[PDB]
Amino acid sequence: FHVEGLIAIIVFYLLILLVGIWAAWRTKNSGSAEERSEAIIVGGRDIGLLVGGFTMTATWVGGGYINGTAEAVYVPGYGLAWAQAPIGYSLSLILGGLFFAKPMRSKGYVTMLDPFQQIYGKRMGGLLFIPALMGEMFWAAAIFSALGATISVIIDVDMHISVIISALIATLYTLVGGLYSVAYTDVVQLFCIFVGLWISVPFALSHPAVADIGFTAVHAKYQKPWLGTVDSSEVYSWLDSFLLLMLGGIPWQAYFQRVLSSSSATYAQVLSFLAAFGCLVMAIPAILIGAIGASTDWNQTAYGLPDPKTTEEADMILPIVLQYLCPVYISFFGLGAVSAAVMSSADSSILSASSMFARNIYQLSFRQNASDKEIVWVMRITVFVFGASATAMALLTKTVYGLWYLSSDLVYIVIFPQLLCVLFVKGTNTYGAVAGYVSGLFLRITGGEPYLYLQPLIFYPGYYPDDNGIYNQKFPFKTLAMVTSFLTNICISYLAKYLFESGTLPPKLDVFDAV
Ligand SMILES: *[C@@H]1O[C@H](CO)[C@@H](O[C@@H]2O[C@H](CO)[C@@H](O[C@@H]3O[C@H](CO)[C@@H](O)[C@H](O)[C@@H]3O)[C@H](O)[C@H]2NC(C)=O)[C@H](O)[C@H]1NC(C)=O
Ligand SMILES: C[N+]1(C)CCO[C@@](O)(c2ccc(-c3ccc([C@@]4(O)C[N+](C)(C)CCO4)cc3)cc2)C1
């Protein structure tokens, strides 16, 4: 109901949009003359270390990660040792920039699936494009729903209007400016989230009511000592989640698009390392906010005796702290920081998915004669369509976090093993890749999603028949699936690639090219 909140938010939006358009105008005429087909997707192959590092740091830290870290820190049963998102992201980026992204940039690509369409073919590229698009779209939709909840609670305005205007801003961004605008707006929002998060903490910390975390950490508190141990019963599950965050974060058109624009491979790996450092340094505010929220005495605050953890409203602790433990003019800063992180992740995801589609699907499946113009038209139209679909998914999907998680498992199981095979383990043909993708899909689908009821059927040891009926299992069931898929891929690919010249084995038939 605060009229000045609308003023501040719209001023922020208009200013940063002006920055994005001012960035796009200069590089309107950039790259080669006939580079209109690929200027958007490639970024001119010339960005600095600073810009790329800031962009990647803003891309991974997109608000949803902040909320997840706060939840893992705050919710009882969880703990700081259960907040594997920051550490997972940091070591994922370090491993990426150290091992991968050297040969991905040294040769010179445009999208992720370039090795896929080079070694398997267009037929496999058009089938492997789906998981990345689905994952990016559901991630963006979940982050949008988070933004809507934050707005609808911090300000009295409804979530629909704010979500739709933010989506309109992102669509204008990825229409007008290809990659330079996204990068410069990423640096703007990264600074914004840094300053907002690190200015909203001390005011809440020194509240007269909340007990100091210097003691509210070890002995006995209202919620729980927020450290959080790993149960001897379940250490596999934590291993599985940690592995998923380490490895499933590597294959992503966001990071791959950022590395595919560095001026040189060395600058690309330094970009990845600096992005990891930035994620590490931006982790701390989320942990501090979680500690602040966990140490409160909610009865004597303005929220009331029913704690958020006791009202099933704990899914959004950070806005509660922002709007209750801090005054109005710092609550606005915190809300702006959250919105900026959301926009960074949203624009990165939309640009990545639309780039992948508009290049790889369109050029290599439908049209190659329209070499320059219709390609840029396809990118802009696809960006707009994906923005509209993001609006629809954010608006009318009650269960979107489950879709986000399911797409994360799908990517981490099907994309990473094939990417690793085509990069480091040569000799694999399309037969083994097809079989491994099929096996991974079967293992994921028949294993049963915890948040819906497609088919939760497995005799997996340690399956837990909880109250809602989702007999989920505590054994990893995800890393074992991915390792089985990768091993099956490599083994049968090698067996076929040798068997094709043995006997009546493939003397005549060739389902796909093998010689
Ligand atoms: C949660 O916080 C509330 C404060 O909003 C606590 O209420 C407080 O309760 C005590 C105990 O009754 C009140 O002290 C005395 O209350 C009587 C009425 O029963 C009154 O006639 C006396 O003059 C004296 O105030 C105290 O006033 C009250 N707080 C306020 C602000 O009025 C509540 O006890 C807390 N929950 C728990 C479990 O302690
Ligand atoms: C306890 N909950 C609330 C329910 C699910 O388990 C959690 O601990 C949780 C939260 C987030 C994730 C998560 C998984 C994948 C991804 C992602 O798609 C995001 N990126 C694409 C940004 C990189 C990593 O892959 C992000 C977050 C996984 C588990 C959070």
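Shown for chain A, in order and in Swiss-Prot numbering: 3-517.
The deposited model was determined using electron microscopy, 3.6 Å.
Including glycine, each Cβ sits where the backbone N, Cα and C put it.
Annotated transmembrane segment per Swiss-Prot: 7-27, 49-69, 126-146, 165-185, 192-212, 238-258, 275-295, 318-338, 377-397, 407-427, 436-456, 482-502 (among others), in sequence order, evidence recorded as sequence analysis. Taken from Swiss-Prot, the feature topological domain 'Cytoplasmic' applies to 28-48, 103-125, 186-191, 259-274, 339-376, 428-435, supported by sequence analysis. Taken from Swiss-Prot, the feature topological domain 'Extracellular' covers 70-81, 147-164, 213-237, 296-317, 398-406, 457-481. Taken from Swiss-Prot, the feature N-linked glycosylation site applies to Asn301.
Broken down by DSSP into helix, strand and coil, the topological domain 'Cytoplasmic' (428-435) contains 4 helix, 0 strand, 4 coil. Residues 14, 56-57, 59-60, 63, 68, 280, 284, 287-288, 290-291, 294, 297-299, 302-303, 323-324, 327-329, 332-333, 335-336, 338-340, 342-343, 346 of the same chain lie 6+ residues outside the transmembrane segment (192-212) yet bring a C-beta within less than 8 angstroms of a C-beta in it.
Here the listed stretches are 7-27, 49-69, 318-338, and the one with the most C-beta pairs under 8 angstroms to the transmembrane segment (126-146) is 49-69. Of the recorded ranges 7-27, 49-69, 318-338, 407-427, the transmembrane segment (275-295) has the largest number of C-beta contacts under 8 angstroms with 49-69. Sequence-distant contacts of the topological domain 'Cytoplasmic' (339-376), counting only residues of its own chain at least 6 positions beyond either end whose CB sits under 8 Å from a CB of the stretch, comprise 11, 14, 18, 36, 38-40, 42-43, 57, 60-66, 68, 112-115, 119, 124, 127-128, 131, 134-135, 138-139, 141-142, 145-146, 148-149, 152-153, 168-169, 171-173, 175-176, 181, 184, 187-188, 190-192, 194-199, 202, 254-256, 259, 320-321, 324, 384-385, 388-389, 392.
Non-local neighbours of the transmembrane segment (318-338) in the same chain are 4, 6-7, 10-11, 14, 68-69, 72-73, 76, 148, 151-153, 155-157, 194, 197-199, 201-202, 205-206, 209, 212, 288, 291-292, 294-295, 298, 303-305, 310; each lies 6+ residues outside the stretch with a CB under 8 Å from one of its CB atoms.
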